[PDB]
Structures are given as C-alpha cells and as structure tokens.
C-alpha cells in the first residue's frame, strides 16, 4: 500500500521485521529483549511505582504500575491505562513515556494494568484483571490523592478493546464510576470481517491474519461464533446507553478503521458524547512508531489533550 501511506510514516515499516503470532513465546521474549535495549530516563516530575493489588476473586493478585506527580497539593483526577498487544503481548512498561506524558500534561494519577495474557489466560481473565484494578483504584483514592468522580479509563488497540469492554462491564455491575473512556483504535470486533479488517493484509503493523490469531487466543477459538458475549467483543453491543464520554481515533489504514467508525456511530445514536478523529494515510500504531511525524505529533497532542480536558472539566 506504499502510495497510500503518509511519506513521514514509510521508513519505520522497513526498519522492523513484520510481527509473527505463530510463536507467541518467541514474540514476547523478543519484545522483552527490545525493551531492555530502550530503557527510559527517570523523568524527575513523575514518580513511578509497582504495586500488587487484590485480583478477581480466587485469581492471582494484579500488578499495577502507578505514575503520579512528584508534587501533589490538590486532589487529582485518575486514568486507568490498559496497554495493547493483541490480547497476547505486552506489559505496562512499554507505555511509560505516554503515561508520564498524561501525568505531566493532564496533572493526573495513572494506574496501568499488568493484565494476564491470552492464550494462557483467555477471556474473561484479562478484563476481570482490569476490573479488579479499577475497583482497587476507586477504593484507594484517599491514599493516591485522587477524586473518585474524576477517574477514566483508556488504552490502545487490544487495550482499547478492554477499555470499551470495561466501560460496559462497570456500567452493567453499577461498578466503579467512570467519567471518561478513551478506547484508542480499539480491537472490538472478533468477526474480523469488516472491509477494512479484510483489506489490510501485509506488513502494516496489524493485519487480518494477526487479528484472527489474537481473537482466537483471547476467545479460545470461539472468535466469530454466536458464543461470544458483549464484554468479550464490544462490537456485539446493542445497548450503548449510559456509557461515559468517549474519545477515540484511528488511522484510515488500520484494520480497525471500520469497527471503530461503527462503534462511534452507535455510541452517538445511544446519546453518548463522542469525539472521534480519523487520520489520513496512517496505519495501526503510527503515532507510537513514528514520533517525529507531523501526523503522529497532532494525534498524540489531541488525545493527551482529551485526557486533560475531560478529566479536569467543571
């Protein structure tokens, strides 16, 4: 698709080998080796810690990674953050730069979830870990210096899917209150049969074949069948009423373009307040892979600004 891709995004596609989910163990080991080569500096304005918190009943405690301002004088809003990786890869540490940016620009506390991964822990384990982390965050607002009426949830890709699912689950459980959801370019349609999901086939970071493998591992082979609940695949939701204010965005060359457009359309029809941005010439994860690109800098500034505006509004 070379001619369709923004020129500032092309060079990074050649710079890294196409992702492979035929060997998930090997892919995770490779990503962890990459992570060790690229360690962030300490940012002196943001204090980062890990904590073990009670998990879902009869399940392991959940690790969360907490980012807070070095100086707290007044009560702050909160953001639950959920990393991506197809439901099968990833760790909170991968998103330290962005979480530190949300703390500094939104003046908030971020709690990032180390959810269990598929295929070892399929649905509902990853979502229940996110829900346990949200319960802990709401319960500990005293100690964190947070306002429980100003907690939102956000994430990218599979983490965006878990964000949209968690907003539905917390609504349905009269669960902790959420003031905002930011399901960025979210993996929400297990059927993998939208035109955009079918069209994106090659080395464009995420594609139809990767999506098929991630959904198969998350849903233990029930992907695409009638035996998939709304909380596993939010595209299946028919009742989107009484969900939180939503910000999302997607690149037009992301396989998730069409499911994202459809979710936005249905949220608006359900009376949910939505801001949505479709970016031209842009593939999945463009803004994380190409930080120097003008379109990446516009996209990052806008969704950091959404967190700042919505979590702090009167």
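Residue numbers count along the first chain shown, from 1.
In this crystal structure, the stretch out of 28 to 36 and 46 to 54 whose C-alpha atoms carry the higher mean B factor is 28 to 36. For the segment pair 116 to 124 and 224 to 232, the entry gives 224 to 232 the higher mean B-factor, averaged over Cα atoms. Residue set 154, 244, 86, 176: peak C-alpha B-factor at 176 (per PDB entry). Listed residues 191, 213, 101, 72 were ranked by CA B-factor as deposited; 72 comes out on top. When the CA B factors of the chain's modelled residues are split into thirds, the value for residue 68 lands in the highest one.
In the PDB entry, a CA B factor belonging to the lowest third of its chain's modelled residues is recorded for residue 160. Annotation for residue 129: CA B-factor lies in the lowest third of the chain's modelled residues.
Sort the modelled residues of the chain by CA B factor and residue 90 lands in the middle third.
Residue 203: CA B factor in the highest third of modelled residues in this chain (values from the PDB entry).
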